[PDB]
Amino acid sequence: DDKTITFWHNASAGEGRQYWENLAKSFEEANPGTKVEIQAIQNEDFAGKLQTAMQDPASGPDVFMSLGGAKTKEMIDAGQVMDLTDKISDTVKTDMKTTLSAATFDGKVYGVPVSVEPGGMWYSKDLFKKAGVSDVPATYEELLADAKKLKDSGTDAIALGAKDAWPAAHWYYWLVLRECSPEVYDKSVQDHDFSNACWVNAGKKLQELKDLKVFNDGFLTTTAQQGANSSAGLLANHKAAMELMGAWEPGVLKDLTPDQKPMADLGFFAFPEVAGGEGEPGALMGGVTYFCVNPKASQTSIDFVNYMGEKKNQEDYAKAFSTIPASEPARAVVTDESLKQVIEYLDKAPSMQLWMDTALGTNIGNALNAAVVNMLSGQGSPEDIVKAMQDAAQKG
């Protein structure tokens, strides 16, 4: 059946999970005969099942969340993603111009975005004040100093979902972005060249954080978003002072609070500048969530991804996920004070890089993320991290 489509997403939080249910039925009532069969998938399994299912597109999902960056390009090159350049709506083209560049490859659009989520530090304002930190750290040393004060204050300074690998790696990403010059960074991503001292230095700076032992005790067995004891859950329940995460954070937090309501004292501050770093000041790194269409899918799928781009639907998305919607007009409904900061910093930032692992691809990304965890477990060095990236890069 054409008008029956298979829809894959990663919304495991209650409110966002329900948004998709309500969106599907809304699309089903406006387009009688259509049927959207939804599959909710935990984020850490998403890349695995998508790549596994799409090696035979005939029996894969019709509409699915993209993996992003080079990971999207891997699927595009493999013939697993449909060109939507001449298929996206005038609404999507107009309202979502800036986020559309993240789904644009070789001058061709391969998805409809729904949110833009820059990275940064999310923290408890109350835990900070309870440690004598009345001002956000502007530099990396200040951040280390503040973590010391939090540790003395009895609380774990930094929640880290190291079992999922990438949340730990995010500290390495940001440090590389801050240490390496914009060109060294660009060419390193484009050419997979990690020979510059940038990459070791960033690993060394991160090793210093590790040696302070200011993480939550079970960080190696802690996931990012699963349960009250996840790194996000620790922040939500004030068991930890902060964590380094994408702007999906407030929506994840409001799912893990004891009342499942928005975290009352959530604040945001950009990743600190690094003294002696050649990185461009104020350089953003983040994500852009968009949805792709199976090359073997019907027009019904196309009508569905464009339906997401609708301003009303984008706003309900912003409310349900407590995030920044991809649609510019839809951003008018954002009320979370920490998010309105991020939107402000978004409009006046020079660049926004994608996540480092998603920008380097599956092979390099997974190698890098694992290597960081190895170094953090004491079973690795900053040099091993770079060695791991170079090793995986041989495959492509």
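One rule holds for the numbers: they count along the sequence shown, beginning at 1.
Between 69 to 77 and 185 to 193, it is 185 to 193 that carries the larger average Cα temperature factor according to the deposited entry. Mean C-alpha B-factor is higher over 379 to 387 than over the other stretch, the pair under comparison being 379 to 387 and 5 to 13. Out of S301, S231, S153, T323, the entry records its largest CA B-factor for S153. Residues shown: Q207, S115, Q226, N294. Highest C-alpha temperature factor in the entry: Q207.
Residue-level temperature factors show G282 in the highest third of its chain, judged at the C-alpha atom.
Split the chain's modelled residues into thirds by C-alpha temperature factor. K163 is in the lowest one.
The PDB entry assigns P258 a C-alpha temperature factor belonging to the highest third of its chain's modelled residues.
Split the chain's modelled residues into thirds by C-alpha temperature factor. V136 is in the highest one. Looking at the C-alpha B-factors along this chain, the one for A30 belongs to the highest third.
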